[PDB]
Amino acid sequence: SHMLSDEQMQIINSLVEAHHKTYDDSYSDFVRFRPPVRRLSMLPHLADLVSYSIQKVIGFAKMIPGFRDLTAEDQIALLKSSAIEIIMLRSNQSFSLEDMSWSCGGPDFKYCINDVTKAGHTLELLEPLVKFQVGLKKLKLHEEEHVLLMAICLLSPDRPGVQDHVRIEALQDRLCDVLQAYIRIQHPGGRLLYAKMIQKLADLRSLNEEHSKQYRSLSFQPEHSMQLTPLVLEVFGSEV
């Protein structure tokens, strides 16, 4: 009944290309992380996984149409507040409904709930997490929709620290359009998908909040914070 506009389509080519450039389905770079071990035994390996991911999320972000033109401060503000959410969204790519875990190799790079516990996190986080991963996986998103959801999550103007919350609101809306249009046109059987997707964003906030609290506690214990990486400390730190 319709068809995406040239502009919208070029945006999709950019996000998809950006993701391919910042996400390897082989997970070959994991051999460079401190090896996993199953007190907080998995902390070193997971800290490295997360850190590596932030580096990847930043690369993606820099390629989101519009982002580069924001003030470094807002880029930072947005990255800092959404980082963890973007990592949870992209992680879905490795999540397996089969064994309810992230399989990036295995048995060495297969991450179960138990493992994340050995990194200092509880079921109060992991419970909703896997639940979110499952529900999200069931949506069978087209790569195009997966990349949009990520770009949309990052440009949420409702982030603590954001300045020009009006230009951010605009860009997120432009992307929300392309996503809505795309599902209507390219997604057979997807009429309530959009709704289901925006809802996922809301579930992300709860996961984020929980993670932040659990992170703060871990963060204050020097014997544990010393296992983290400088970038993780910077991105998740309370630093103004």
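The first residue of the sequence shown is number 1, and the count goes up from there. If you superpose the two forms and keep the largest set of C-alpha atoms that fall within 1.5 Å, you have the rigid core.
For the pair 102-110 and 115-123, rigid core superposition yields a higher RMS C-alpha distance in 9 other deposited structures of this protein in 102-110. Superposing each structure in 9 other deposited structures of this protein on the rigid core shows that the farther-lying of 160-168 and 147-155, by root-mean-square Cα distance, is 160-168. Going from residue 38 to residue 39, the model skips 10 or more deposited residues, which lack coordinates.
When the mean C-alpha temperature factors of 80-88 and 105-113 are read from the deposited coordinates, 105-113 comes out higher. For the two regions 202-210 and 51-59, the entry's Cα B-factors average higher over 202-210. Placement of the Cα temperature factor of residue 119 within the chain: middle third of the modelled residues, per the deposited record. In the PDB entry, a CA B factor belonging to the highest third of its chain's modelled residues is recorded for residue 192. Residue 70: CA B factor in the middle third of modelled residues in this chain (values from the PDB entry).
Sorting the modelled residues of the chain by their CA temperature factor places residue 185 in the highest third. Sorting the modelled residues of the chain by their CA temperature factor places residue 18 in the lowest third.
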